Amino acid sequence: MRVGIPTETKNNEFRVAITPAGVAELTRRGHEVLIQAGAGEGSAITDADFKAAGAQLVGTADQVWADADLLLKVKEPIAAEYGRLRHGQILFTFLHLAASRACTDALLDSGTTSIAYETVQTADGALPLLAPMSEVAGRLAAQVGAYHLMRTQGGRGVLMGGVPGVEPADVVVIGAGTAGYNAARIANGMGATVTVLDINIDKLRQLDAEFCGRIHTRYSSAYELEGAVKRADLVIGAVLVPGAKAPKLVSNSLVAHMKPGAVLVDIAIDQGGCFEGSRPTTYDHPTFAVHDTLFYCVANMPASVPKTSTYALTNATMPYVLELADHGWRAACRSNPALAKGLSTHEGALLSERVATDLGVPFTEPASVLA
Ligand SMILES: CNc1ncnc2c1ncn2[C@@H]1O[C@H](CO)[C@@H](O)[C@H]1O
């Protein structure tokens, strides 16, 4: 058994799918760990750090993919990587197959076995590998929203927390899930007057207790959302629905009635976004205009703080990585139903019903390959 970790190849993808701690634990259990030279540098992990932990440093991506029985990544394989996919390999990474027929087809045709980080799901319904990325994105949303509120960024020119005697930014967070909770928490810590909207009153009750009412909570009726958004300096869209696409909760018509220079940060942009006018941008020109407002729609936000997010992710993936390495995909999935819910492809079979219907291709019951 060799576990291989290649360098991430997507635009501004600085994260890596393992850290020296994880390398140490794998090598201690008798597994070889092959890591592409430079793979951790985006995350401030040097080749020397990885080697001291037991990793075999490999000069090329091609050798990692060729030699590895278990291949750990952060993002989905891109076109340039399709020719590296292999029948006898297990790939464990964020896949988002519903968003790519091409990626889905590449995995099936290769016959490879793949497990998606984002559909690994515990009995209580939680998504333990997606969770830390939602936490990072939410906290990032507050700090990037604060920055783009500066007049020198085209924003309204409002300081998050005000100063004594002067109004703070009015911040509206749409969605009180993991991402939204974390956005409201940081925005609140910066001094902003934060209102969180959700249709799940239990989540609002949780926010109300945690901050003793300092974070305002409003039931998200259409009337309430319009009114709050109209008054906001900063709107953070954090309604991320697990699976298919995000609802368009904020219309361009509504945007036209917003304060000039208001900033809208969509952290559901990887699901088409929850604003109507949202188009996925990137760090080069992260913002565009919509009716005198500024939209921030950068996809893959956690990639911008890789030192943090590499650890957040791999801390969460570690026990699954160890199970897969120790026991192989089938035994691991048989023993751990949370991991089985991530099973995506195997030997040309597509194993996600939700992915299959969204693409309109056949689905093979996961039970048929596990039992
Ligand atoms: C108005 N429409 C809406 N407004 C506010 N939150 C919503 C919403 N639709 C879904 N959500 C919430 O989004 C959160 C995270 O996806 C969940 O807590 C949902 O309850």
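Quick note: residue numbers are just sequence positions, from 1. Whatever order the structure lists them in is the order used to number ligands and atoms, beginning at 1.
Checking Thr282 against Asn11 by side-chain atom types alone, a donor-acceptor pair falls below 3.5 Å. Counting only N and O atoms by type, the side chains of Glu81 and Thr9 include a donor and acceptor under 3.5 Å apart. Defined by atom type and a distance below 3.5 Å, a donor-acceptor pair is missing between the side-chain atoms of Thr178 and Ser134.
In the vicinity of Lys203, heavy-atom distances shorter than 4.0 Å reach the ligand 1 atoms 17 (C), 18 (O). In the vicinity of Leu240, heavy-atom distances shorter than 4.0 Å reach the ligand 1 atoms 16 (O). Against a heavy-atom cut-off of under 4.0 Å, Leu197 is close to the following atoms of ligand 1: 5 (C), 6 (N). Near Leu249, meaning under 4.0 Å from one of its heavy atoms, ligand 1 places the atoms 1 (C), 2 (N), 3 (C).
By heavy-atom distance, the residue among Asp198, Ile174, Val196 lying nearest atom 20 (O) of ligand 1 is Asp198. Atom 15 (C) of ligand 1 has its nearest heavy-atom neighbour, among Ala238, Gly180, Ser134, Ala268, in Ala238. Heavy-atom proximity to atom 5 (C) of ligand 1, evaluated over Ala179, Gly237, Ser220, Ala222, is greatest for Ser220.
By the side-chain contact (heavy atoms from CB on, under 4.5 Å) test, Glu276 pairs with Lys248, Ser251, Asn252, sequence neighbours left out. A search for side-chain hydrogen bond (donor to acceptor under 3.5 Å, both in side chains) contacts involving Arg330 returns nothing, not counting sequence neighbours.
No single ILVMFWY cluster, assembled from side-chain heavy atoms under 4.5 Å apart, contains both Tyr147 and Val158.
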